[PDB]
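Residue numbers (full-length UniProt numbering), protein chains in the order written: chain A, 2 to 8, 17 to 196; chain B, 3 to 9, 16 to 200; chain C, 3 to 9, 16 to 200; chain D, 2 to 8, 17 to 196; chain E, 3 to 9, 16 to 200; chain F, 3 to 8, 16 to 197; chain G, 3 to 9, 16 to 200; chain H, 3 to 8, 16 to 197; chain I, 3 to 7, 16 to 203; chain J, 3 to 7, 16 to 203.
Ideal Cβ positions, reconstructed from N, Cα and C, are used throughout, including at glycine.
Below: the structure, in C-alpha cells.
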Amino acid sequence: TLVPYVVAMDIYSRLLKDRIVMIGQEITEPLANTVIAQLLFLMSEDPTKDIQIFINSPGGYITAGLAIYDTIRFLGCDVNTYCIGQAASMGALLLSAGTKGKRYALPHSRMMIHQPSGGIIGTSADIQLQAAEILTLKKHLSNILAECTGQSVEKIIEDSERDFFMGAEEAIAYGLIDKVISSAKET
Amino acid sequence: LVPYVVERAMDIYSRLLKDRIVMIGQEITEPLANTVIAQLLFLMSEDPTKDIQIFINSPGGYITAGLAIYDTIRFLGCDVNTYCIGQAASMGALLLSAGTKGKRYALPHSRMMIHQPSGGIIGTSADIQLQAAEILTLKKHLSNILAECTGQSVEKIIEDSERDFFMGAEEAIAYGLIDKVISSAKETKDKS
Amino acid sequence: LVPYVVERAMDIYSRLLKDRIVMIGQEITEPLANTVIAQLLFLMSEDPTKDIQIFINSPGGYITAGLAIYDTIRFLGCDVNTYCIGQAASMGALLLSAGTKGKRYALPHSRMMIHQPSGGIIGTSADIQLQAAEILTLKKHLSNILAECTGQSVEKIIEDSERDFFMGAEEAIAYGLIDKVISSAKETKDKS
Amino acid sequence: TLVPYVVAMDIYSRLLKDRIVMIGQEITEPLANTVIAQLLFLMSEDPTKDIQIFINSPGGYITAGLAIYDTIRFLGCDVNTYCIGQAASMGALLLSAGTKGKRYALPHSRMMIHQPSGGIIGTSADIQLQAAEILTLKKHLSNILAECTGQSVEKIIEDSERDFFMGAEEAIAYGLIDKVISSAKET
Amino acid sequence: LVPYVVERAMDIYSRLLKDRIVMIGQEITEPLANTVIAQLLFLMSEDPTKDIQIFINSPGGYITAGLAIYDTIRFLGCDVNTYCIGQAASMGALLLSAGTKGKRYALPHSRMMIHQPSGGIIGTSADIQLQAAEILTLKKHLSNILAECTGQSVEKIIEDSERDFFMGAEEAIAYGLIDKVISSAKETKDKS
Amino acid sequence: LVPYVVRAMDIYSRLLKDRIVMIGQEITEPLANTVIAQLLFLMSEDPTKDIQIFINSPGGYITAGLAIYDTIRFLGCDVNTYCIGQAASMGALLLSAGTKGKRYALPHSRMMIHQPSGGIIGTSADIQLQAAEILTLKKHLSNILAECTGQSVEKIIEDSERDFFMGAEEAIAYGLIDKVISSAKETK
Amino acid sequence: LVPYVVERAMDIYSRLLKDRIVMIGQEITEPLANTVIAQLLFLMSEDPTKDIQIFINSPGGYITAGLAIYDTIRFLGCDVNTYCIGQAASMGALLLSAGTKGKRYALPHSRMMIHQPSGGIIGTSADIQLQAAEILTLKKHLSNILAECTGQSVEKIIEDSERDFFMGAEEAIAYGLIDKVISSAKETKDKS
Amino acid sequence: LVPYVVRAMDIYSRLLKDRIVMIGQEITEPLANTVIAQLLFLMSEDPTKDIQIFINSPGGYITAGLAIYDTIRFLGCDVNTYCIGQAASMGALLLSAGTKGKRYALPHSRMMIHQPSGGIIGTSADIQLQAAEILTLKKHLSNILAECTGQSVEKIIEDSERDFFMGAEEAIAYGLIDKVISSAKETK
Amino acid sequence: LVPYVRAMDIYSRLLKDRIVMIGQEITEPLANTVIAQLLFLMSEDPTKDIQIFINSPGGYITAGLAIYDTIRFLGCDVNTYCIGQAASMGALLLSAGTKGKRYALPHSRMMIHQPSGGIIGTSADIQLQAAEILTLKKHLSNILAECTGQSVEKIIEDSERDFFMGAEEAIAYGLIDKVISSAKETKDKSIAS
Amino acid sequence: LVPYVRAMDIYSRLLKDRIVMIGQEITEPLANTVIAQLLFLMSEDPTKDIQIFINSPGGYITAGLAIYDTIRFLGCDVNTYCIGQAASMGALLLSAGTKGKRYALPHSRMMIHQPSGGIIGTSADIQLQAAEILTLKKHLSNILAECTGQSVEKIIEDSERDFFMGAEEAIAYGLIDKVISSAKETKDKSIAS
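Structure, rendered in C-alpha cells:
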C-alpha cells in the first residue's frame, strides 16, 4: 500500500498539520509511541486548539492503551474522537476518552469493549506479565472505562467478558460515544 | 515502479490527488482503507465544495474496510464521481455504486460483481476476529447499503450476491450499480 | 520428541492406539481431523464392540473439522469415553460432550469453554471459503449439537457461546458438558 | 500433525489394507497421482471386491478430478463413497462418481457443486490453460456431473455458478448421493 | 538501475513522462496497469489534446490489466503513438495495435505475437482468481478488440491467438497490427 | 502422504513390483533418471515380460524426454502406455513411444504435442544451450514424433507450434495412441 | 543427538521409558505435555502398580501444560519418584513437588525456583491466548497446588512466586518442595 | 508510519528541536548510542536550558543503561524525566536519574526496578560477560539506584529480586519519582 | 554505495555528460533503463554525440536486440568504449557504435560467444519456441556480420567458440576501431602517446 | 553422515561398549542426551566402567553442572579422555573422572576459562539474575578446586585467564592424570611405549 504525498510530506503529516491524528491499526507499543509523539507535538504547537483523532483499530495491548489514554488526559485542549470502521478493545477505550460531547461514530461503525486474548502488555507478542500486574492493569482498564462511559465497574467487567459489537446507537446508549454523524464534524 | 511529477516533487498518485483524484486499484484491505480515508479527509479539508473523482480497479476486499470507506464517502458534503476501470468486485462494486447518482461511470469493457469471490469471511485478516452475530450484522449492513445504492431489494441483493458472475457496463446500468458508460473525457451516453 | 515402544516398533501414540486410545492434544484442524477420523475408522474395523477412549487437550479448532470428527464419533457403534485433560475449548468441548452419556470425564483442574476464543471464522484456513448462508448453517449445526449433547436449549447455548470464559469440572458437570470428575484410574465420584 | 502407525505401516496404509482410500485434502496433481496409485494397487490385489473412498475435500483442480474420475470408472468393482465433513468442487464430483446406491453422506456433511476460482488445472498454482481447453474441461465436468446426478447440463452449469452448500438431504434430492447414514456402512 | 535528471529532480521515467512518453517494458500486471493508467490520466489532465508516446517492450500480461489500459487509451481524446521495441506479445501486442491508425511503429528487429505464451488463465490476482465464464468472456473481448484494431476477422484472430509464433515488422504491417517500420524517426514529424 | 503396502515399501514400489511405472509429474532430469532406473531394473528382473507406464505429465524437457525415450526403445519387452489425465509435450512423446497397439488413453484424457513454454533444454529452469543444439534437439523430437504418430515431420512442426489439446478419439486418429479404454478388460 | 539401543531398536529415551523412566528436560510446552501424558498413560496401561521415575531439568513452562501433567500424575495409582537434576523452575518445581512424599530427590548442585521467570502469561497457544480471568484462575490453582505439595500456606506461596531467586537442595528440603538430597542412589532401595 | 513536520523532519526530530528526547523501547546498545547522540547535541546547542526525556521502556541492558546514565549526569543542564506508560529495569534507572524535583509520572504509570529476565550485559541477546564483571555492573546499578531513590543498597537488591510494579504514589514514596502529573501545568 | 554530486548520483552526472554506463548482464530491466537513457539523450539534443561505456559479461538476445535497435534509431554518433570485458550482447552493443568511434582499453576482453546457457531471454520464465530461436540467432548473426564486416558464416562459426580476444584482435576482427591508452582517441601504435 | 553398524549408528555401538561421546558445545539438549546415556549405562550395569570421550569447545554452567552431578551420581568408575580440546565445561567434565583414569591425547588442549560470553545457560533466552550468577560460579569454582586439587582462589584467578594448557600442563594442574600416546593407559614418559 503506497502512501501519497502533499505539497513535501506524506498524507498523515498533512492531516497532522490540520491537528488530525489517525489511529487505524492495532494498538502496539511503537504505535503508542508515535501517537504520544504526535500528541506532544500538537500540544507544543498550540495547547488550546482542539485535536481530532480518527480511530479504526481492531484492538491492542492494555499497556499501550493506558499510555495513550494518560497522554490524552494530560492535554489541556479538547479531543474530538471519531470511530470510523471499528473500535475494539483499546480502540474503544481511546474513543470514550475524548472530551464529553465530542465523541462521534459513523453510521455503520462497530464498537466492542471485549479484550483480545493476548491484549495484556504486548512488549513482544503479549508475554511479559505476572499475576498482581494482570489484576492491576485490568482494574485500571475497568475503572477508566467505567469513568468514561458512566457504567459501573461491574457492568464494564461483565461486558468486557462478552464478545459482541455495538452499533453507533447502542454505543450512545452505553455511554461510549455522544453522537452519530453522517456529515462533517459537529454537523 | 513509482513515477514522479514536479510541475515540488511528488509521485503520480499525489499529483492526481492534487487534482482531487483518488485511486483504488488493489484489494480493499485495512491499510488500503486507512490511506483512502486519509486522502478523502484531506480532500475535504482542502475544499469541501469541489467534486472528488475515485477510480476503482479493485479485485475485492473486506467489508470492515469497505464499510469504513463507504461511511467516509457518505461523510463528505461534496459530489463523488466513481469510475470503474477494469474490474469492480465485492467492496469495489460497493464503493462504485456509492458515488452520487448520475456520476457513477464505467469504461466499456469493465466488469462488475457484487459477489465476494472467495473467503466470504471479511474482517481484519492480520488477526481475523469475527463471529455469528457479527457476521450477520456486517453482511446485513452490506446488503442494505447495496440495496439503497442500486435500488434493488435486499432479497434480490442477497440472492444475487450468492452467485459468482460478472456484469458488463450495460448490465451494471440496468442493475443500478452505475449510471453511464464513458468512451471519452466528455461524459458519453449511457446504456451502450 | 517422539518416544517409541516395542512391547514391532511404533511411537507412543500408536501404542495407545493399540489400546484403543485416541489423542487429540492440539488445535482441531483439517489434517488433525483427518488423522483422527482415520484412527476412529481403524478402531471400528478392528473391533466394533470394545470401547474407545479419547483424551482431549485442545485449544480450539474449526467447526468443519470438529463436525467431521463429531459425525465420525456418532458413526461408531461402540461406546466412546471422552476425557478432558488440561483444556477443552470450542471444538474440544464439542467432542468432549459428544462422548456417550456417563462416560465423559474431566481431570480436577481441567478448564472447558464453549466459546471460540477468537477468529470465530471457522473453515479450512489454507483457503478459507465461507459465506453468510454457510456461516449461519455451520453455527446452527454447532449450536444444535451442543444443545443435544449438554441438555441446554439452543438459545442458552448461543448466548453462552458469545461469552469468553472457562468452566471448571464441577461447572462443566452442571452445564451438561461432562458427567464425572476422575482422580484415579477407577472412575472417581462426580461433582467434586 | 503426527501420523500414527499400526502393527509396521501408517494408519492410511492399514486402512488401504482394508481397501479404504482417504481423500481429505484439496484435489491437486500429486494427490491425484497418489489416489490413482492406490486405486490401481487395489485393482491388482483383487479387482472384484468393493473399495471405500472417504472424502473431506474443500475443492481442487478439474484436471486432477477428471484423472481420478476416469480411474474410478476404469475399475470393474463397486466404489462406495462417503462424504465426511465437506465435499466441494472435485470432492463432490468424486462423491457422485461412486456406484449408484453406494454414495453416502454423514448427517452434518456439506456438499457444493461450485468451483473454486483457480480450479481449472493447477499444474502449478492454477495457471497453464487456453480458451478452447477451458471450454472443453468445463464441458467435461458439466457432462460428468449431469450424468452422475441425473440433472441436466443446464441445471449443473447454473448451480455450479452459485456459491452455496447442500445438506445431506438436499444432496439426496439433487442426485449427488443416495443415503444418509448415522451408522456403519449400509446401516 | 534508477538514473536521475535534475533539469528539484526526478528519475529517468518521470523525465520521459515530462516529455509525454510512457514506458511499458515489463509483464502487464495489475500494479503495472494501475501506474500506466495513472500516467495516462495525468497526461490527459495536463493537456488532453497533445499526443502521447507509448513505448512497448512487454513479454505478455493479463487480460484484465491489458483491457484496463486499452479502455484508458480509448478514453483519451488525443492521438496515441505506439512503438514496439524488442517484443510485443499477448497484451503487449494489444496495446501496440491500440494506437491511433498511422501512428503504430515497430523497430526493424521487433517481434510481435498475439498468442499468450505459457497458458493464459488471466487473473485479477497475480495467481489468478477467475471462473470459467469470466475467462471465456474476457477472451471473447480480447478477440473482438484485436479484430477491430487489426482489421482481421474474429475467426482469424482466434485461430492466430492459438498459434505460438512471432511476426517480424513486415508481417505485422501486413497483419494490421502496426502501420510503419522506422529505423530513425522517419515518419510523422519525428515526435519522439 | 505416501501410503505403504505389506516386505515393506511405498505404493509406487508395489506397483513397480507389478511392473508398473508411474510418470505423473513434469519430465525433469531427476525424474528421467528415476524412470530410467526403474526401466533398467524391470529389464534385469525379466526382459521378456511387459511393462506398464501410466503417464500424467504436464510437460517436461527435451533432454529428459529423449533419455527416457531411448531407454524405452532400448528395452526388448513390450511397453504398454496409458494416458490418465493429461499428456503434454514430452508426456505425449512417451505416450506415443509405447509399442504400437499397446497405447491407451482414458475417456476424458487430453493430449498435446505442443510444449506450452520455454522449449528449452531445461537442465533445471536455467538453460545450457546453443543454436545448433536447440535445432538438433528439436529435429530429433520432430523425427521421433513423426515416426511414432505417422504424421509428416512438417505436420508435427506445425502442430507443435499450436497450443491445443486433443481428445482420445482425435489422438487415435492422429496416431498418438491406439485405443480409448473405459475398463481394464479392453487391454490386450 | 539421538542415540539408539538394540537390546528391533528404539532411541535412548524409549529405552529409559522401558525402564519406567520419563524425562522432562526442556520447557514445559503443550506438545511436551502431551508426550509426557502419553508416556504416563502408557506406563499405567502396562502396569498401574509399579513405580515411575520422572527426571526433571526444566527451566519453566506454561501453567496449562504443567497442570495437565500434574493432574495426570495425580491420576496414577502408583508411586511417582521425582528427581531434580540441574534446575527445576516454575512448572518444573511444580512437577518436582508432585511426586509421592518421601520420593522427591534433588542432586547436590540442583537449583529450584517456584517463581516463573521472564513474566508468566501462561498460554494455551505458544504465543498465549488467554483472558485475564483465566490467567488469574490458573495462577490461583498453581498457588493452591504448590501449597498442598510443599505444606506452606497459599500466602507464602504467592509471596515466594513473586520472588526471582533459586533455592539449593537444602533450602528446598526445608521448604517442603523435596524430601532428600542424593549423591549416589542413597535412599529407598536405589530404584533408578 | 513515522509522521513529518514542516525544514522537513520526522516527529521525533521536531520534538528534539523542542529539546525533547523519546525513549520508548528496550534500552539496547544502538538505542543508547542514539540517545547519547541526542543528549550531546542538546548540550552543544544550549548547555543551560532544560531537556525533557519521556520514558516508556520495558527494560534494557545494564551497559546501555549505564552509558545513558553517565551521559545524563554528564550534562550541566536540568533533566526532566517523565514516565509515560511503563518504566522497568533500566527504564526506571533513567527515570530516577533526572534532576530531583523534575521526575514525573503519569497517573496510570507502572514502574519496576526488577529486570524481568536474563540480567545479562546483553550486547545483543548473546552475552559477553564474566563473574567479576557481572558483579561489578550489578554493584554499580545498585549503588546508582540507592543514590537516586534514597533507599539502602540492601533494599535495592532485595526489591530488584522481586518481580512487581509500583504505582505513581508508591513510586513517589520510594524515591523513584517526585510527583504524578495529570496536566502539563503541574510541571515546574 | 553509489556517490552523489543540484543533487544527482554519479551515473546521473555522467548522463548529463551524455555518458551511458552498461556494467551488468544485459537483462530485460537493464535494457529498459538503457533505452530510457538513450531516448532521453535523444530528446535533449539529437545531434550531439553519446558515450556508452560497456563492461558487460553477457546477456539475453531480446534485451540486446532492443538496445541495438534503439542505438541505430538515434541520429547522433555513438562512441562505444569497452572497459573490462564485453561478451555476447556486450560485444554486440560495442560493435554497434559509429564506425571509427569504437574503442577498447588496452587490457579489455571481447567475446562474441554466449557463454553458459544462452537463449533469447525473458529472465526466470524463459519463453522460447523452435522458430524463435532460429529467428533471434539469425538476427544476432546478421547484425554482428554487418557491424564487424565478417561474413555471417564466419560469425556463426566463431560464436560457437568460447574464447576471448584482446583489443588488437578485436580491431582485426572488426569488433572495434581503436585502442585508447593513457589518452583520448589514440590507438595502440603509441605514435601519439 | 553418521555411519551404521542388528542395526545401530556408530554412537549407539560405542554406547554398547559403554562409551559416551561429548563432541559439541555443552548445551541443554546435549546435557539431556548425555544424562540419558549415563542413566541407561547405570541401569544396564552399575559396576562396570564407563568411557567418556570429550572434544568440547565450551558450554553453559547449568548443563555442565547437571552432567557433573549425574557423573558423581554413578557408582561405577568413569574414565574420561580429552581428544582435541576440552574448554570450560569440557575441562570440568574431564576433571570429573575417577582419580587415575583421566587421560588426554598428546596434542590435546585444555582451558578452564569460559571463552566469549559466559553465563549460566538456557540458550537463546538467557534467564540469569544477580544472586544466581554468583551461586553457579561458586559451584563451578568449588567443583574445579575439588577435582583438580587447586585452591578455589587459584581456580577463580586462572579461570579469569584466556589460555590453553597442553597435556603435561594439565597433569601438573590436576586436571588430568596421564597422557596416553600410541597405546593404552601409558603416560608420556614413554618408558612403556
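Query, Result
"For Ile136 of chain B and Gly127 of chain C, believed in contact at Cβ under 8 Å, the rounded distance", "4 Å"
"Cβ neighbour criterion (16 or more within 10 Å) applied to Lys147 of chain B", "buried"
"Interface flag, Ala73 of chain J vs chain H, CB-CB below 7 Å", "no"
"Three or more C-beta pairs below 8 Å linking the region 155–170 of chain E and the region 151–159 of chain D", "no"
"Counted within 10 angstroms of its Cβ, other Cβ atoms place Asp55 of chain D as buried (16 or more) or exposed", "exposed"
"Boundaries of the alpha helix (DSSP H) in which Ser22 of chain A is found, first to last residue", "20–26"
"Start and end residues, alpha helix (DSSP H) containing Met120 of chain B", "That residue, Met120 of chain B, is in no alpha helix (DSSP H); its beta strand (DSSP E) goes 119–121."
"Close Cβ partners of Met52 of chain H (< 6 Å) along its chain, the five nearest in sequence each way excluded", "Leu84"
"Proximity test, Cβ basis, 7 Å: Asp168 of chain C and chain A", "no"
"Alpha carbon of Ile60 of chain A to alpha carbon of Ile130 of chain C, nearest angstrom", "40 Å"
"Near-chain A residues of the region 17–32 of chain H (beta-carbon distance less than 8 Å), N- to C-terminal order", "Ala17, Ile20, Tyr21, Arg23, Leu24, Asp27, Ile29, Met31"
"Residue(s) in a DSSP beta bridge with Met52 of chain F", "Partner(s): none; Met52 of chain F has no beta bridge."
"Proximity of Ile32 of chain I and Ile81 of chain I at Cβ, strictly below 7 Å", "no"
"Chain-ordered neighbours of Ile143 of chain I on chain F, where CB pairs are closer than 7 Å", "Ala140, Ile143"
"Any chain D beta carbon closer than 7 Å to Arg171 of chain B", "yes"
"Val30 of chain G and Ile77 of chain G closer than 7 Å at C-beta", "no"
"Ordered list of beta strand (DSSP E) runs contained in the region 26–108 of chain E, each at least 3 residues", "29–32, 60–66, 88–97"
"Extent of the continuous beta strand (DSSP E) to which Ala134 of chain G belongs", "Element bounds for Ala134 of chain G: n/a, residue is neither H nor E."
"Given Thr132 of chain F as reference, the closest of F:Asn42, F:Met18, F:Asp27 once Cα atoms are compared", "F:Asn42"
"Closer than 7 Å at the beta carbon, the chain B residues around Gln95 of chain A", "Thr72"
"Check whether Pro67 of chain E and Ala114 of chain E have beta carbons under 7 Å apart", "no"
"Check whether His123 of chain B and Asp172 of chain B have beta carbons under 7 Å apart", "yes"
"Neighbour list for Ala155 of chain D in chain E, Cβ cutoff strictly below 9 Å", "Chain E residues near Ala155 of chain D: none, gap ~16 Å exceeds 9 Å."
"Closer than 7 Å to chain D by CB, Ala193 of chain C", "no"
"Min CB distance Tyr6 of chain E to chain I below 7 Å", "yes"
"Cross-strand partners of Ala114 of chain F (DSSP beta bridge)", "F:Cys92, F:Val189"
"CB contact check: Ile181 of chain F to chain I, cutoff 7 Å", "no"
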